[PDB]
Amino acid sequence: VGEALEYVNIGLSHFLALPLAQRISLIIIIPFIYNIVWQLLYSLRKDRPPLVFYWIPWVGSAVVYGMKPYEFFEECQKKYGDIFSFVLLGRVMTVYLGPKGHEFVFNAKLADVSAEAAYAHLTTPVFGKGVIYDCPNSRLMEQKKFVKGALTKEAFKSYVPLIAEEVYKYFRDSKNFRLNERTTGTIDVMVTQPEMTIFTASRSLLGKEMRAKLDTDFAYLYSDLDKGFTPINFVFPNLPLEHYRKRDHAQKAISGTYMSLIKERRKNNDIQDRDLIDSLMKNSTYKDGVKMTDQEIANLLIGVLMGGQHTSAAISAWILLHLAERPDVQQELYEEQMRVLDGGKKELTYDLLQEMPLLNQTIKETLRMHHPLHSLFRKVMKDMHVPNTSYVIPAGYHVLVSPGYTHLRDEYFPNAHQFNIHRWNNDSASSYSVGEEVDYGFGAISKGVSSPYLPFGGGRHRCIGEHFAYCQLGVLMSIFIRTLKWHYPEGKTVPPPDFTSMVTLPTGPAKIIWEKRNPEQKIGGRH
């Protein structure tokens, strides 16, 4: 009876007097044992979705999920159906696949889930404080409104010639091309596209000064800042190491430069309508009267530029890679250019961009096959019951949604792993609210998010960058197509995606060989 409790205390005491060898081994064994025990008991619960079994505690299914998340999702879906959890480096991720999954996560009430609690630890160090995910959602909603205010049809009309100019400059000056000197060459598209993207997006969103500053050793700070933008930071945001310091330094130095330009313009009253900076200078007052600081303005510009950097660089990379084994498509895109721009005797404008459906379909189809963000997350804040199920997702869990996975299902996109731009005949718009709409603070967007095609997400956290992305990728590709033909080195094909990077970029080196359609044509201007 009571002799039992004595031997508990005795057994407790003999424990701590075990040989240290057996002691260190014990400290490994019993959480291992317990984990299996706990998993097995968890399986009983009918108000929890299935949990993918894992051996190593805490680590969970991290390695298999990290390397091939869609193959992992496919497997889990065969066995368990569309709702299932899995452990990932100390967190419980509840996946919900398919259009119902989109509905569950993207249209989750503000009360139930938090994007900032899922994302802030990565982004805040990189972008800086007070903006995006380092603030309440209603602040974010309004920051998105402010940014959108520089992303208008008239802005795109003026961006097009500037982006065009940057792309031509790059063909002229970059070692990777130099078209006034070489008629053919080889490039790594994972070198060329990040540079082309930063050059074109700096010039148009940030302006001529911030573009100019890229022709200096200031450019090294973007590289530094970029290295804090990696998934590692989702779990180790701050570690006393050098690249964590090069990041912190870069955020300060880059934001300082933007603040310098901003304060400079206010000084001379040079606030026009040129770029996103001008725009945020005129329009960054919240509905409660608080103005964003010059520091928050600058931090937001870093965020925006960083966001648009990696998604677009990735996509232009993939477009080049898919087109390299598809001279039929290159030929077809080339004809559309000849028709819409009168054999090239018409200058590219934003309006004419809208009359190039095949081009835009190519972007659309590349966005389907290569969603740059394979997993979007939220942290669960209030217990969530899953509709038409017994399941309840408790606070402290995370939900994971993956439209990119659905993009690659034959059920919704017949022959989903074939690149086919003609599957978007009669549907070349970047996206569009198929029905009723809703405004979270940054404009009216689709109310339903059940579309199997969701390259830009949906709900309150929806992308506001899609028309800029289409504008930028569209001018870029229009010119690539008109200027060059390109193909793979012998025996090379489309590389598989890297799923461990921030975006699903191509696995390197991803090389193509280009050649000038007109070996004799020259790009003017000085260099």
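One-based numbering along the sequence shown.
>> Comparing average C-alpha B factors as deposited, tell me which of 237-245 and 345-353 sits higher.
In response: Averaging CA B-factors over each stretch, the winner is 237-245.
> Looking only at CA atoms, which has the higher mean B factor in the entry: 304-312 or 82-90?
Replying inline: The stretch with the larger mean CA B-factor is 82-90.
> Looking at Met210, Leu320, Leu205, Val386, which has the highest CA B-factor as recorded?
Replying inline: So the option with the highest C-alpha B-factor is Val386.
> Per the coordinate record, which of the options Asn268, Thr257, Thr200, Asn137 holds the highest CA temperature factor?
Replying inline: Checking the PDB record, the top C-alpha B-factor among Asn268, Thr257, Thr200, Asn137 is at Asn268.
>> Which third, lowest, middle or highest, does the C-alpha temperature factor of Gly435 belong to within its own chain?
In response: For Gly435, the deposited C-alpha B-factor lands in the highest third.
> Which third, lowest, middle or highest, does the CA B-factor of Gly491 fall in along this chain?
Replying inline: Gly491: CA B-factor falls in the middle third of its chain.
> Against its chain's modelled residues, does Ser478's Cα B factor rank lowest, middle or highest third?
Replying inline: It belongs to the lowest third of the chain when residues are ordered by C-alpha B-factor.
>> Where does the C-alpha B-factor of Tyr470 rank in its chain, lowest, middle or highest third?
In response: Tercile = lowest for this residue's CA B-factor.
>> Quick check for you: using the entry's CA B-factors within this chain, is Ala21 in the lowest, middle or highest third?
In response: According to the entry, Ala21 has a C-alpha B-factor in the chain's highest third.
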